[PDB]
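The structure appears right after this line, and notes come after that.
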Amino acid sequence: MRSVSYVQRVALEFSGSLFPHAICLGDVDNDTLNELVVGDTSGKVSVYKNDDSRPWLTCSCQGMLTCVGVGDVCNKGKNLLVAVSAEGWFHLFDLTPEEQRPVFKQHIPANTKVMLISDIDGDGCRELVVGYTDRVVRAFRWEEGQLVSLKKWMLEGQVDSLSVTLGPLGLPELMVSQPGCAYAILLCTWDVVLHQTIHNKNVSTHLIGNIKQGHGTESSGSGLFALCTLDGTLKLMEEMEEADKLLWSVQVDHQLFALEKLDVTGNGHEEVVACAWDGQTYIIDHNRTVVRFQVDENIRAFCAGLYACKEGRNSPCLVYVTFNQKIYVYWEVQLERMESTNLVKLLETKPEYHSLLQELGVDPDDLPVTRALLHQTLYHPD
Amino acid sequence: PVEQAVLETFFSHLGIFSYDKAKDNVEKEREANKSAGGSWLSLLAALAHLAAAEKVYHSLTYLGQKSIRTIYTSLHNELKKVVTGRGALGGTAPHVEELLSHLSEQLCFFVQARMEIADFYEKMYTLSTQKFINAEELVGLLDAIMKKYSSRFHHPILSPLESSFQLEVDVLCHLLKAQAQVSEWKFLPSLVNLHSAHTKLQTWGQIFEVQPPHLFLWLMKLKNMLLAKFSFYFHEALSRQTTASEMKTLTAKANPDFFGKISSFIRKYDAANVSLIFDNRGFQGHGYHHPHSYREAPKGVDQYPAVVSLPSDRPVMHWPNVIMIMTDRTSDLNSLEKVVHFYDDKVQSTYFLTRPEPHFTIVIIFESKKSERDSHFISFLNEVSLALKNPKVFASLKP
Amino acid sequence: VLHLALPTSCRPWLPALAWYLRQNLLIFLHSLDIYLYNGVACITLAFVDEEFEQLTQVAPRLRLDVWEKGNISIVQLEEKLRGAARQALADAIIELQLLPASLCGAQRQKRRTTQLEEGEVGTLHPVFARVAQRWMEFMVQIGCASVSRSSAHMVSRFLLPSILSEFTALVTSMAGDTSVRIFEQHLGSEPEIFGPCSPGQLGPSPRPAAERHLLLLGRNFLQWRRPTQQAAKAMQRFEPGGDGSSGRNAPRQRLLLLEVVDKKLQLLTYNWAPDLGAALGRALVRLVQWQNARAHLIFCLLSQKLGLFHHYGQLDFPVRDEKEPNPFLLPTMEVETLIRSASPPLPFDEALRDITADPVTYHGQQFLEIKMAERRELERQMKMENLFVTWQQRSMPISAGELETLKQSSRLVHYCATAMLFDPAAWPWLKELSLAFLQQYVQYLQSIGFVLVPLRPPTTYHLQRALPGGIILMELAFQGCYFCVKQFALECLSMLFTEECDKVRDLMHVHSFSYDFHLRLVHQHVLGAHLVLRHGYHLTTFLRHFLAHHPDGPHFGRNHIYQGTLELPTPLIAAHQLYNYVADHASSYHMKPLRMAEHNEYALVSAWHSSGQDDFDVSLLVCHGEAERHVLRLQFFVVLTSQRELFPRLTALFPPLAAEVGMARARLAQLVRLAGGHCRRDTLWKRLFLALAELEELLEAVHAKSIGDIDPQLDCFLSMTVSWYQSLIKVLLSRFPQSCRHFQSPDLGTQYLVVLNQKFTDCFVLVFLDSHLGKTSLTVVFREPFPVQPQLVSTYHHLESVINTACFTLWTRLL
Amino acid sequence: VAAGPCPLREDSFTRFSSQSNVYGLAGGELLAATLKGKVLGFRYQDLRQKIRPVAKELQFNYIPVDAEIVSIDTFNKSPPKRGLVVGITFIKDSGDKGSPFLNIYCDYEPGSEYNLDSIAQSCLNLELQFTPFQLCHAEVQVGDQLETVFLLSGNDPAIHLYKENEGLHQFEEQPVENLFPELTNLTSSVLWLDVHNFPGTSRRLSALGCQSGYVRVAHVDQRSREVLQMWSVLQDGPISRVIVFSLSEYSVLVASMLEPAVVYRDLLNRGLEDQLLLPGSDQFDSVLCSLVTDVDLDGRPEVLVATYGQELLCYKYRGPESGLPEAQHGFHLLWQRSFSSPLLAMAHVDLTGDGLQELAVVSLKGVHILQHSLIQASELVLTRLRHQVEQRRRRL
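Shown next as structure tokens:
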């Protein structure tokens, strides 16, 4: 319900067009530090590390890029860069110690739209799930090696995002967004069940999942997932037990096209961050407190996540792509709190303040008296 | 029919020549078989006289200058008045008595046909002087008797004679048609007619079991000459289908064999050629041709085909003066009794020639003078022509 | 005769003073030198013998005789002479008393002397601190020919650095032999403590209300050991006044000393050329005038920076001093030329209202950048506002730059791609097929309400569709082996344009269009009249790949396809041999071959038109151990193509397909079972001309004609004895053993004999006899059903030669 | 260089549709005027264990829809007589030259003296005949008791005084020389004027600055109505702000628009001679607003400088008590903040009601509220209280 104005910023030069799903952040050289990976239609991928405006390295692949990602796809205890083109190409990059040619290539069916890397069934080996513009979802597995087709789900509406979340039983699931603010559960690959949540039933819908709730629970824990629509509504619910309990929903007056998770407060809980075409970014926690941020610029792509910007330190970061051939990175989006309070109603929680006031003889009942006492204590030490 | 039991045998004995024996049963019936209807004796006497009449017919010596008409036609009232309807008591019951009426009518037709055939033979004999026997007119004339008389006698009692009569008719026609067809170079038609005549002859002929009457012997003579006449004309289209030394064994089996004479003659006297020409009488080629095929019309010097040329092919450099001579003295040889003679210098050849037949003409050639007074060659040509013309063949029709 | 008194302090200054005097009298009098004054007076003078005021109080004297005619004002002449003498004495004193004074191991010693002459390091001499300025100011009340003065106020004092460089550049331009020093007062002391400063220090005094002084002294350094020679090349107004001989020379050295008290400039130019010096003073005054007229930042930028647009506006006439107005303060202000290149060149009241971003060239430079950013915004906004009204209402080929701006101002909404399957490598002519595909898709796009975008001169195609909500743009291009279409949107209540983009996206139908195009091309190549594909194209492999890629029958397609495999018995002959024979005789079965490409296979094609409201063109294609060799495995395809429509249906197994395929299966089976015999018959017929059962096998299916039915003349041969036939057979066997193929029975109760002639391959002629029943015959055999006669030439020749021995046999039976 | 991090955190921010001026800020509530006519009131509302900022638009009676607000001010009457007085000077746009006008709001009815809602419609309209510049208030000792008077700088170089009548209870113009003999004979237009009274003393100090850069300070006795002493200097550029304050011996601070903001020190015994300059205070365009208040919670004042370049510099007075003659205590840059829009006005009031004075900064896009670091303030209070307890226990 309150607006903020971030100032610290990094501008990176980037010329070319891309899809909204062709930008990511993550550790590519295996040093516990995140780097930005951006792939354009022109068949090149640029990596940005630290604060250099120029890209760290450019790797070229044959075709037109549609999806990028970073993760353990080969299941050999290392992170690799996956690039997926529009003609169903698949390139593997090992950027761990002048275009860098990939070390692997495999042809898959074309019309790829969205990628995902996660262990869907629970066998201990991570799987790759690819979405298609013709309402098709396809899972894979690395067999020591190549990629072996697993399953092929069919859908009625267009797919916009793939997600993995902790099911009610305690096993990973597979969520696919569906127009009209709906989502589909896909049965794991060793048919497709649909759920609805009130407007024009042809509105684009994006989904995000696996929202953390406590510190140290990122090893195994999920249950909350978010939906966004292009007509300007957001919602968080929980996919527990039988019924999907509704946590919250908000209605805005913008064209929302992004959905990420961040941790700005630093209390373990993850906040949902969404972006509009006009650049009105929303950061909402689990307790119905919105934080607004207006970049005042048309945005092509958005990405919120951990990044190593200054002096080797992972911090929350917001990344926008502008039409002026620039990428804007905000690195100090950290917030002390998220609601608005004062000193009086922050000292009314600890019992030490009440004990001290009782020991001083002053009863904490008259507001002017305690206000004058605090003023004397602060501005008049002697 | 007890009465007709004798008659059946009496009439059936006439299929083969049994006239003398046939007479005897009539004499027996005349008086030994007395007290009978007054038509049986009449028909018996009629048939008896018929036997002698047919004996004279087969003799073919009773008609050279007539008689052979009066005795022939001396039974018309006999045959007709053999039947008299009915009346007083006769022979058998009125059940099969009038069976002889149909036989009598058939016999009247028999007598008429026999008389016309006799007039036919007399006409042939009279015409058998001429200078050439035009067979087409004879064929046109004979068909009338056969057509009119055909199927004019039948009471299942007279099949043999009828067959004999038919043979006596049928055979002759073929040969004359052959005599016609050969004169106009008809390979298959003449051959078929002649073979059919041969086949038909044997049954009514060679199955005899006396010396056949002169009629039969003249038929044999005519056929036998026709065989050799046939053989000579087509020899150049028959030598192909066998071997040079194979056809001798057959060509020496024709009573007037012609092939041997010229072959011997060429050896006997150094010669150049001997050829037989046939003008097209105003024409497929060698042998049998399609029912209707493309026949290029005679043109240029092609109405004079050397049908037969004995030693080697016809000399190309010696046939420009054979169709010069052929028309240069084309008057005398049409009298069919003279032989031409031309001796020249730069060809040194003497081209004897005679016309045996109107359409056909023979020729020889030498390499020096021949001295036309030399009768050696002329006699050979005369002897050869004396058989082809069929003057004796037509003439010798009565001993 | 008149005389004037002079101080004795200039006792030895006689050579100099006279040198000055001859100059001093040279101004007011035009040439014991004789001078003429215009009353007209002739003056003849001769010098004779006997603290600022004392040194020039008016001990040699001067005796002069004047012959005056008319109103010459002899008293005024004497006063002028006394004034000229006093001015000459003062000028000589200034020349010899102040000018020679310096401005401020061996190599180091000489370095200090050079550092003291130019004085950039050290201290200022006492003369050029207080004495010199007062002296040249005092010799302005006494009429002298070497003096200058100027004054200014300026509304501020940060213009001093912005005047100190302009003045030195100006002085250098008008005077090559000059150098400027900027000795500043040390702000703790005063009595001649003048510390020289470096050129670049900006203002090293953050303290306001500090009356900073300056001592901008300018002197030609090459004027020492030089006043004897000519100086400055006519730039200096004067020279040695008398003569340079006798080893005495007057210090004609020039000088320059500017000074400021808080904010007050004052020139003290000395020995400058009269016209040039006056122009110098005027140029300095105009430079300060321009610097002060460059006080409108304070007026309408600094004041308006805090919402005071109505208090201090432009052309408000700041201060109304009636000295010499302000030439640059006019209603016609060159604003853009006064915030850049500070110089006297040889609405603004609301400039910074609600825009978010040496003080003069730092405060207005951002104003200039703000005013330029607005022009850049405005041009871009008109460039994207004229196009909307041009395309929406009116119904010009936008160039490359306009298209780039439109694309960078639009958002990507949706895209789709389809695969081009004609190329084997993606399992000259392919470019033509792609161009035809693109043209047909362009026709489909214009048929649904889109306008092609022409491009004026400077195979991707752009098509637009203007709507009240905005402009929807499409791009068609070929990228590798795929055909891709992209959809852009540009918004110009606010959700109806989004609906418009969604509906147009639903009418895309690329997959159905590709289905129809591929099947139509397959059908057209099947006819062969439209030879679009290259010859020898593997149509079966293309069909298999297309079926693998689209095994579901894309939704809104109109053409249909089916594939099936046929296995035929073919028990007598081998399956592959039967296939080869059928391919060789395909024309006899209403079928056509195909030479697909060094191994070459042949496929059978057929087509017809079936309109069962259907109106569909039908295409049929057929292509290919001991049991396997006795199995004719052939895969066939059925293709249906529409006639009227060519674009995907707007609205939403197959009865036509099943109906066609039923009779297709039936006709294929019938053709196989019929053509088996047609091959079996003709196979060993050829073998005959080299078995008895093989010989009888033909006669079951051959067209044979009796001799009694060709020519009746032969009828006689039909009714004769068997012995004649035996004779005949023997004759022919002897005659043509080459042509005679005699056949017997293993009972010898039937014989077959034939005779051919090689060349007449159409028909041989056979005899026949049984010798038991007597059923002897004679016939002529024709393989085919010979059509007709009128309404074969080489046939009768057999009937000639064979019959030509029938008679020879007859002849022997008669000899 | 900043010698420490800024301990201020932004609590709230309200966006303004139109920009304001330096005189827009006024005075636990705050008043902010908008050049386009809008006027807003900022305060805070308590709810259990939280607060909510509140900005409400106010409606004033006799300002038309076409008028443009120039300056606003407000004050409270003398302790003898209750009431809150507001004054707004605007310009009617009717005509080629705008018509200045003055509106004064004060609810004389009992029970609504401090009620802003009733005050909002109590307008008294007055003609000006000159362009208003700034509206301020001062306290004078008239007769036996203290009266608060209005001051208004005009287009003509003269300050006009408006006094409340003891009779019909109106606001009438009076000569300025009757109570302010030192506010006469001016040349330029006064941009900012400050009058500092002396507690328990009949003397006072006055400072003023004009557009020409002329800064005048005067010591004036109230009861005697005589100018005790007189000083004046000629600086450069318009004088944006002048403040009279005691460091630890009164001093004056001048924030020029083209020169670094400086202090002058020891006005009574050295006049206006030995100045001390703030180092590097002119690298951020023009200083627009200024403030002198304690920011380090140490009991000694610090100088706050707000610049057009979106800078909120804080200078801490190092004490001469520390004894460092070589670099003898002047002013050094303590910390520095940054904004996104140019800063126009600053305020220092306890808006929330916790005694910890907030910092309200009015900039070209709106009003920001800055609070002190909650964690830093809590620990300091705790340790100071514990020290005060141990000192009481051991020394008493």
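Going down the list, the protein sequences come from chains A, B, C and D. At position 112 of the first sequence the residue is numbered 630 (my numbering), and the sequence of numbers has no breaks. At position 64 of the second sequence the residue is numbered 80 (my numbering), and the sequence of numbers has no breaks. At position 628 of the third sequence the residue is numbered 1465 (my numbering), and the sequence of numbers has no breaks. At position 22 of the fourth sequence the residue is numbered 114 (my numbering), and the sequence of numbers has no breaks. For each residue, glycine too, the CB sits at the ideal point set by N, CA and C.
Per-residue burial, residue i [other beta carbons within 10 Å of its own, 16 or more giving buried]
i, result
"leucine 396 of chain D", "buried"
"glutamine 891 of chain C", "exposed"
"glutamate 778 of chain A", "buried"
"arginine 1213 of chain C", "exposed"
Residue i, enclosing beta strand (DSSP E) - first and last residue
i, result
"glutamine 321 of chain D", "318-326"
"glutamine 137 of chain D", "131-139"
"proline 998 of chain C", "Note, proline 998 of chain C: premise wrong, no beta strand (DSSP E); alpha helix (DSSP H) at 998-1011."
"residue 74 of chain D", "Given a span of 93 to 488 for chain D in the structure shown, any question on residue 74 of chain D remains unanswerable."
Test: residue i CB closer than 9 Å to a CB of chain A
i, result
"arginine 1248 of chain C", "yes"
"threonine 1296 of chain C", "no"
Neighbour flag for residue i against chain C, beta carbons, 9 Å
i, result
"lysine 457 of chain D", "yes"
"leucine 748 of chain A", "yes"
"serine 571 of chain A", "no"
"residue 495 of chain D", "There is simply no residue 495 of chain D to check, as chain D begins at 93 and stops at 488 in what is shown."
Below-9 Å beta-carbon distance, residue i vs any chain D residue
i, result
"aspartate 900 of chain A", "yes"
"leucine 836 of chain A", "no"
According to DSSP, residues forming a beta bridge with residue i
i, result
"residue 494 of chain D", "Nothing about residue 494 of chain D can be reported from this structure: the residues present for chain D run from 93 to 488 only."
"residue 1679 of chain C", "Nothing about residue 1679 of chain C can be reported from this structure: the residues present for chain C run from 838 to 1652 only."
"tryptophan 1109 of chain C", "C:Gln1073"
Interface residues of chain G facing residue i [CB-CB closer than 7 Å]
i, result
"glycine 447 of chain D", "No chain G is present in this structure, whose protein chains are A, B, C and D."
Chain B within 9 Å of residue i, Cβ atoms only
i, result
"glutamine 1550 of chain C", "yes"
"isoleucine 1544 of chain C", "no"
"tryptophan 1445 of chain C", "no"
Could you tell me whether the region 119-136 of chain D touches the region 1153-1162 of chain C, using the rule of 3 or more Cβ pairs below 8 Å? no
Specify whether the region 1277-1286 of chain C and the region 1253-1264 of chain C touch according to this definition: at least 3 beta carbon pairs, one from each stretch, less than 8 Å apart. no
If you pair each beta-carbon of the region 242-249 of chain D with each one of the region 270-286 of chain D, do three or more pairs fall below 8 Å? yes
Check whether the region 1396-1408 of chain C and the region 1464-1479 of chain C touch, using three or more Cβ-Cβ pairs below 8 Å as the test. yes
Three or more C-beta pairs below 8 Å linking the region 867-877 of chain C and the region 844-851 of chain C: no
Taking 8 Å as the threshold, find out whether the region 1182-1192 of chain C comes into contact with the region 1201-1208 of chain C through three or more Cβ pairs. yes
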